[PDB]
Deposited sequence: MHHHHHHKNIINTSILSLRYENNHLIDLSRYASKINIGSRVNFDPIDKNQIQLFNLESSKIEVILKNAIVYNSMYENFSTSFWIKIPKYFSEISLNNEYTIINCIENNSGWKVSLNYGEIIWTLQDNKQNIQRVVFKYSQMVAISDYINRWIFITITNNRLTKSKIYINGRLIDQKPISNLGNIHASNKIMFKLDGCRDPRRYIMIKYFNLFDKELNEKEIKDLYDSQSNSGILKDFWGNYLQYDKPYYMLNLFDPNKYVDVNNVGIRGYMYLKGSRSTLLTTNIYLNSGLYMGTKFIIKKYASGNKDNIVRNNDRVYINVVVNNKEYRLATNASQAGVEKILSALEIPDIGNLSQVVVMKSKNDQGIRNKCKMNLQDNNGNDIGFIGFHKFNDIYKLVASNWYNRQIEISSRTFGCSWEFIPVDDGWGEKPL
């Protein structure tokens, strides 16, 4: 990263190039920086929503030989209607006089285009489906890396994994733009946006190990993430997804110590014919993470000790258990916050098993997952999980995602 030729970052209260070249950034009047993490840039389908990088003359691409790579993270809202079918739109443009490079999007596609001075084109494409129960890609932060070896191939990587490659040895002189324009160009959906972060340009072909290291290093692994890959936050309502049984959602039979929380039913079907078919995500009891031990910001960090509130009939209850009940599996209840007394409720948050319940002495009661009790999948804390994780890398019932409302998903709250 310290040897990138362009490193676009929000640092010291402004968007600048941190590279040694210090290229000029021109921003339009409708570029939105996420208050929680201002490196997350939102570009709307508006002419004033644009970032233009004016490259130093030293790094403008004009070569038959120079290898180069780009890396960035992108969050692409779900395509909601037929207006998005068959509508390729440019998002990152370094084409001038029908030569250079660009990144483009289409319904279920991320496209890399290289064009030489003879106007010959090579494209590499990542395709993802919107006909999927739970998507890895729709409206979630994904890590893009494109590498170009002028003697061999153009390669697209997604989350550090090679997806597509095409030969480019038959392309000649490439004279790209001296400007890079981040802007939605030719998108017919007026509500479309993208979110982008951590843009870099490199004057080399990155190798698989460098791409994996970049993915790991830009993941911010000390900070817990929500389903969308935004930072997990305190005092923000979350719908819960269990990764072991994703078609079930959380409910509470009754509040109080005699009640329990459990995984039930089937998720709804979100359907727009020929456009998407997904599992509904805004279902079941909402969870809210509350500060207990701690930073003064609202970000949930690895090993933070917290309370979990659950929302039942529009009122907040406390997720808790009597750790003294029979068996390693401790059934969780939703209790009245006042007069909780000495019941076990402190959760250690971990950045897939996120929630380690502790007794008031600071001993592990175990990761929160579930267990079957007479045909009922009750939520439990269980040290069985803690042990199993240390001796296998399988998915367990303690694997959760936290899903807040996000306008890029489009489901009604």
* Structure fact -> According to the entry, C-alpha coordinates are missing for deposited residues 1 to 10, 305, 363 to 370, 433
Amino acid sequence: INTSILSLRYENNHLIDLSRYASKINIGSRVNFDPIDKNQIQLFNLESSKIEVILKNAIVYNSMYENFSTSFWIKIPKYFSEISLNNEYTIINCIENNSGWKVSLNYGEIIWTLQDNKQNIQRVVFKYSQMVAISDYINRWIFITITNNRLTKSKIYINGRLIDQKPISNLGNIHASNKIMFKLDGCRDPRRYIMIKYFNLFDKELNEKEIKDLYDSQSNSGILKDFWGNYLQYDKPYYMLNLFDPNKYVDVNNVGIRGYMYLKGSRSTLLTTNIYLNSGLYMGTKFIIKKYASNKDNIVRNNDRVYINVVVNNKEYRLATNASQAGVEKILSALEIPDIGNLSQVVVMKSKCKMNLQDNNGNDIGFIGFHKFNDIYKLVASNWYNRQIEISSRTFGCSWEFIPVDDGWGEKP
From here on, numbers count along this sequence of modelled residues.
* **113 to 121 or 309 to 317, whichever carries the higher mean Cα B-factor** => 309 to 317
* Compare the mean C-alpha B-factor of 206 to 214 with that of 148 to 156 as given in the PDB entry, and name the stretch with the higher value. => 206 to 214
* To do: Would you mind checking which of 102, 161, 192, 166 has the top Cα temperature factor in the PDB entry?
  => 161
* To do: From the list 93, 84, 273, 253, select the residue with the highest C-alpha B factor recorded in the entry.
  => 253
* Check where residue 137 lands among this chain's C-alpha B-factors and tell me if it's the lowest, middle or highest third. => lowest
* residue 230: which third of its chain by C-alpha temperature factor? -> lowest
* **Chain-relative CA temperature factor third for residue 25** => middle
* Asked: residue 52's Cα B-factor: lowest, middle or highest third of the chain?
  -> lowest
* Asked: In terms of the chain's CA B-factor thirds, is residue 44 lowest, middle or highest?
  -> lowest
